[PDB]
């Protein structure tokens, strides 16, 4: 399958139908000419499977009706450049020249600037282009461009406005250079965007990109990273008397992953990697760039269970192995519930503090006193396990309530883990979850990285449903309390009932 291109002639996807026209006007106002096409990429929600992506564990995301639109115009210039315009005053106009030799544009994390994120998508698109038409792009520049950007994904909301942006850009950039007769495959799109953020210093998994790219209206996705990168859409189960609905409630606590990366995001990545390596050593194995927790799982099994072949995702076998993994964590990491010092670790790995450091603490700077290897691994394994179960549910119920509860429970377990083991929750999240559970929710948890941002709630929808009940309670018990100045409008914007949206796409003009 390819990324869908739409035209004027083309019923048009709601979102396109609804937003293009306007963006189109903005572009004219901005550049005094009509754009050539419009690239879109949505935001996303992760139903379950938090902070396991970077360990190669599979997740349960969904694309939402919030997106990023890029109106583009392709230019013929002697000395090609890129002009960036944003609908949001917050984002100032940027303009830069593309190296004539066909080299890459410098990305400097030293600065927190929106153009950086653009450059990120540019880069990946570029790299890809070089491979595709080396002839054309080897030592020559890409087309200059005029870009107008308008996103409705709330920033630092944990709904990944970041990925919606990057993906839209990568898409647009490939199209602009390949031309109209060229059609991107969702797979390539995905595959190239999944690491874009690393350029900006954030070592995340590709969950965000995978969802933005693979979303399908009315479909949830089961994203896998190994043995192969893959997204598989599915429809929720059909209940008899009810609707499966997911409600998002923004805490309104701004959480930008980059800003706190060293003590937050990136610190987690380190603890888990570290843990993976300690376990190895503790079990006398060699992991392989260091190995991850999934790596340890395969190796152990390979070395001690004689299983030659690496885990394929088979659900049943997975449940089994993870459970086991949980046992080993308990058996070997639990003595340091308090945390491992660099000393404890280095000793654990037969290292010098310097080795540990070169090898682990320098690729990305992190700040800490201790490393919580026990809890982080524990979370990872258990959260992974939770996914496998969720998938089974979503796939294989007498009473509707049987699903509500079962799935809800998993969600609740995930929240607890996130909060107690991974420590990425927050009072506001905590408060939202409590209110929701008591008022109609079956499962409540943060979504995305945590440390603020949004929450997801499994609530029975439709006529026989409780959406309004929850909404109301939240309004009265949380928002109106924590944010007295909040307006019905803002409120409305803080609570959303989500429907799976379509992923990346194109509009031609």
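Residue numbers count along the first chain shown, from 1.
Undergrad: Between residue 288 and residue 289, what class does the number of missing deposited residues fall in: none, 1 to 3, 4 to 9, or 10 or more?
TA: Missing residues, residue 288 to residue 289: 4 to 9.
Undergrad: Classify the number of deposited-sequence residues missing from the model between residue 369 and residue 370: none, 1 to 3, 4 to 9, or 10 or more.
TA: The entry has no gap there; residue 369 and residue 370 are joined directly.
Undergrad: Name the higher of the two by mean Cα B-factor in the PDB entry, 238 to 246 versus 427 to 435.
TA: Taking the mean B-factor of the alpha carbons in each, 238 to 246 is higher.
Undergrad: Which is higher on mean Cα B factor in this entry, 172 to 180 or 354 to 362?
TA: Averaging CA B-factors over each stretch, the winner is 354 to 362.
Undergrad: Using the temperature factors in the entry, find which of 271, 224, 113, 152 has the highest value at its Cα atom.
TA: Of 271, 224, 113, 152, 113 has the highest C-alpha B-factor.
Undergrad: By the entry's C-alpha temperature factors, tell me which of 326, 334, 418, 399 sits highest.
TA: So the option with the highest C-alpha B-factor is 399.
Undergrad: Ordered by C-alpha B-factor within the chain, which third holds residue 342? Give me lowest, middle or highest, please.
TA: Ranked within chain, residue 342 CA B lands in the highest tercile.
Undergrad: Just say lowest, middle or highest third for the CA B-factor of residue 506 relative to the other modelled residues in its chain.
TA: Middle third.
Undergrad: Could you say whether, by C-alpha temperature factor, residue 136 belongs to the lowest, middle or highest third of its chain?
TA: Tercile = highest for this residue's CA B-factor.
Undergrad: Which third, lowest, middle or highest, does the C-alpha temperature factor of residue 386 belong to within its own chain?
TA: Ranked within chain, residue 386 CA B lands in the middle tercile.
Undergrad: In terms of the CA temperature factor given in the entry, to which third of its chain does residue 119 belong: lowest, middle or highest?
TA: CA B-factor rank for residue 119: lowest third.
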